[PDB]
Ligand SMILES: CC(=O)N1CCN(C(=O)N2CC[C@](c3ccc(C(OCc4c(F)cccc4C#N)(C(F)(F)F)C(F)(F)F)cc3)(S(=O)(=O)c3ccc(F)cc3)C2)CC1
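Shown next as structure tokens: one chain only, the form solved without the ligand.
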């Protein structure tokens, strides 16, 4: 009954209601690998069809990270300008981090559209360098054997960062940040997992992986606009034009 144990519980609950797939399912399907015939059917698809499918997954992924944020104790109580600043800087960073649950270190494959496949699945997109950076990142984290609670509390801190430029109420954002930071270290202490703090990616590795990812996604949307199931107008306004 400390406000801090309540926060851990309300963070982990929000994550559980928004994580799309259960970790038991992802681990049960690791033997369910795309065959050579199935990979080739993906390789043979138009760049722009692969772009449609991925644009769909990544949009859905963003919207689940938004709902995650809207269920974090204190988020809803911030002002709209600050909510949007945090989601604009952070929502896809969280998406990149969430992906590691779907990543199998042993064969270097990712759960995509029902089965596990290697980076060669996405050859028709032509962003071999970005896709290779996304696998490497996911590898780094998957080695750490990130647990559901560690992802939940870490991603919350990815979002609630009071150093994001353009916040109006810096002190209100600092109070949540401090509380979530305490939630995280408290948990890592109770689980003898403080050892991961030294192994996390630097803030810089994730910022730049994400800004290129968004850059590429923005170039695709310019060349080949997708139709988005827009749920959150203030944020969608900042990313589409």
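Residue numbers count along the first chain shown, from 1.
Missing here is the form deposited with the ligand bound; even so, the following discussion is about that form.
Transferred by C-alpha superposition from where it sits in the entry with it bound, the ligand brings 3 or more atoms within 2.4 Å of the backbone or C-beta atoms, leaving the site blocked. Annotation: in the entry with it bound, residues 79, 163 and 178 none come within 4.5 Å of the ligand through any heavy atom. Looking at residue 12, you'd find every heavy atom of it more than 4.5 angstroms from the ligand in the entry with it bound. Contact check for residue 71: no non-hydrogen atom falls within 4.5 Å of the ligand in the entry with it bound. The closest heavy atom approach of residue 184 to the ligand in the entry with it bound falls outside 4.5 Å. In the entry with it bound, the ligand stays beyond 4.5 Å of every heavy atom belonging to residue 39.
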